[PDB]
Structures are given as C-alpha cells and as structure tokens.
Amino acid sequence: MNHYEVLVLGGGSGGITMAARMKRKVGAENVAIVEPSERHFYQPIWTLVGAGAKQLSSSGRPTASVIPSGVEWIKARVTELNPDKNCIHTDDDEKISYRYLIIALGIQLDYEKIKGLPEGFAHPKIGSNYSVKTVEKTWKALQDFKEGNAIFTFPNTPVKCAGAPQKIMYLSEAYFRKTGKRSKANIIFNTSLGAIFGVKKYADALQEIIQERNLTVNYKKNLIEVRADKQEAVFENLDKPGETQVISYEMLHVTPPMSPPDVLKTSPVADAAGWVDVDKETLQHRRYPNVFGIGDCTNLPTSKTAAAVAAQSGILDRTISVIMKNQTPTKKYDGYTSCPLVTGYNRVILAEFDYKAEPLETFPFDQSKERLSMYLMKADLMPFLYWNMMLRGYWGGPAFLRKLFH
C-alpha cells in the first residue's frame, strides 16, 4: 500500500492545521492530507457574506495554496477506514496505511432531508449561509425582500456555529432598519431548541436584543418542508407530535440538518452516534491508541467552531508528540470555544465558554456587551490570522492572552 507516518483525513480547518503542526514534528514528506475539494474556505465569514458585508471570493483559497509546503495532497475522498489494519480506502480505489491517523473530516450538510431541498434553491427568496452555493442567495433574498415574513430556522441536529442561524437574523433586521423596510418585515426564528443560547450570560444579552427589536422566536418548531415555488414553509411542533404549520415567507434562511460524514457513520472509529470517539481531554481515540480526532467530526461535548479547532490543535499536538515518545499525555483540553455573535453590521457579542458552559472571556471587559471592537475582530482580524498564522500552525488556545490580559 501507499503509506505515510502521519495521515490526515480532511483538508479543512483542522486538517490543514494539524498537518501544518505535524510537518514540524515528523518532516513534511511523512505527512499526507486526503481531501476532495479544490477550495478551502474560512466559513465563519459566510455570515457577513450572506448579509452583503463581505465578498464570497475572499472567503476561499485553493487547497494547494494552504497545503503546507512539501506535504502530500491526496485529492480524493475517504470511503472506508479499517483502524485494525491501520489503513483507509479512497474513492480512487487506493489503500493508504498510516502510523498515526488524524481524522479531521468536519460535519456534513443534509439539505435533502428537508422536503423540496436542495431543489428549492433555484427559486428566489430563499438562502442558506451554510453552503458556498446558497450563501449569496441569502444576500440576494435580503436585497429583494420587499414585504412579508422573514423566517430563520434551526434544525433538530447537531450544528456547527450554533450562533450563526440567529446571527444572520440580527443582520437582516438591521439591514431592514437601514433601508426603510423594518416596518414591513415580521421576523421569525423557528428553532428546534428550547432556549436562545446555552450559556446564560449571552442568552440574557441576546434575549434583551430580541425584546428591544420586535423579534419573534418560536421554540421547538422544526422546518421539515419547503415549497419554494409557492414561497411556503412547513415546520413541525416538536412538543406535540403530528402538528405541522404552513407559513408564507418573503425571505427564508435555512439552516440544514447536519450529521457526521457518511463515511464515519458506520466506521469502527465512531461512537454509536457516528462521531469520532475520542478521549474528551487528550483527543486520542478511545479504542485505537494511534488514532486522533479534531474538530466537528468528533464527540467532543462542546461547540463545533473553528475557535474550538484552534484550541484543540494545541492540545492534540502535545498529545501526539508525547504519545510518540511513549509517555502518557498530560495537558487537558478545557472545551474552549467561541461564538462571535454578530448582532448588527457594526456590533458583536463575543461569547467564549468551556466544557462547563461557563464564560471564559479573553479580554478584561464585559464581552456580553455589543462591542464594535469585537465586530472588527470578527470581520477583519480573525480571517487574516486564520490564513496567516492558524493554518501555518501557530494559533492554539487563547489561554495565554487571556492570562496576559489579567
């Protein structure tokens, strides 16, 4: 078989990052990345792309551009993983063996589970920031919005960036107020959750925003059908099975149901639910000692965000390093994550918490306040540092800056 010392599944955020970090541990020539996509995206920025504040093109680079120099890019898809034989299968009908494996295959979008999707996106008035094919469709729907209901959905599955489905809603509201349309929009959030956020500090802040801006939130409603030709939407009452609700929309933002990538759903590396079964503290796999997981594909009980990835990568670097010297790992991931909640074209509530869903703010000021400093950080500084220091391997936890600021 073809064989690499370190094999990285996925060339997204965690993939590129771990590969960059592993290049400096083992030599670039002994690292390989398996990734089908030719484009690598900083998906956070799609929130502002859907709101017309930032451009799609800037969100991407060619996968080759961000592959660390001298690392092998296997442009293919993983189709099987045999951890007991230390190998994987690709759609090129190859078998690749590894000495260590890093699984960084992200999370899967499942638009097709909504009846009438992905087909309905050929019609106007409907967008979704979660896909390169539908995000500008959000923005165009927001521009063409003239009058009616503007509906934002949140599914009954795990998601990545759980704040983004409401982020776009706040931006849509502010777009309406800055264009003389606010009076003719009835803005609805139909979420599958029972609360507006999981960390009470920011939940309270967002709630105050909901009240002070005439926003309607319907809990335990889940979108199950779209009739785009009729500009209608169908939601189910999770609290009372059997009940559906057909409602007309002038603008619709879909957050699709999500799941572990089909290849993992049946893989021996998954837990029962499909995710990479990793030790919660070291990111080493619970059953295969030479396997590691990072990012959205894992069962790390925390938010699936790229900030989480960055913190994780620092932990996993140390985990793998010491495992290689046959010592027992010591450093422990704390669950750090962050949702920079965009509440307007000029304001972000920077939410940062840990495994215990308690605040863990980096800065000494109160980040539950709508701040301009935090908006500029989300829209301009983070994308730059993503390309130029996170993907080169030099951004981990913000624990040091958090201590540095106190």
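Note that the rigid core is defined as the largest set of C-alphas that superpose within 1.5 Å between two forms. Counting begins at 1, following the sequence as shown.
- For the pair 5 to 13 and 391 to 399, greater average C-alpha departure from the shown form in 5 other deposited structures of this protein after core alignment is found in 391 to 399.
- The segment moving more, judged by mean Cα distance from this form in 5 other deposited structures of this protein after a core overlay, is 237 to 245 among 237 to 245 and 148 to 156.
- As the entry records it, the average C-alpha temperature factor is higher for 321 to 329, out of 321 to 329 and 265 to 273.
- Here 6 to 14 and 379 to 387 are compared by their mean Cα B-factor, and 379 to 387 comes out higher.
- Residue set 47, 37, 367, 337: peak C-alpha B-factor at 367 (per PDB entry).
- Ranking 164, 71, 291, 308 by Cα temperature factor from the entry places 164 first.
- Sort the chain's modelled residues by C-alpha temperature factor and residue 248 lands in the highest third, per the entry.
- Remark: residue 61 belongs to the lowest third of its chain, ranked by C-alpha B-factor as recorded.
- The PDB entry assigns residue 351 a C-alpha temperature factor belonging to the middle third of its chain's modelled residues.
- Residue-level temperature factors show residue 362 in the highest third of its chain, judged at the C-alpha atom.
- In the PDB entry, a CA B factor belonging to the highest third of its chain's modelled residues is recorded for residue 187.
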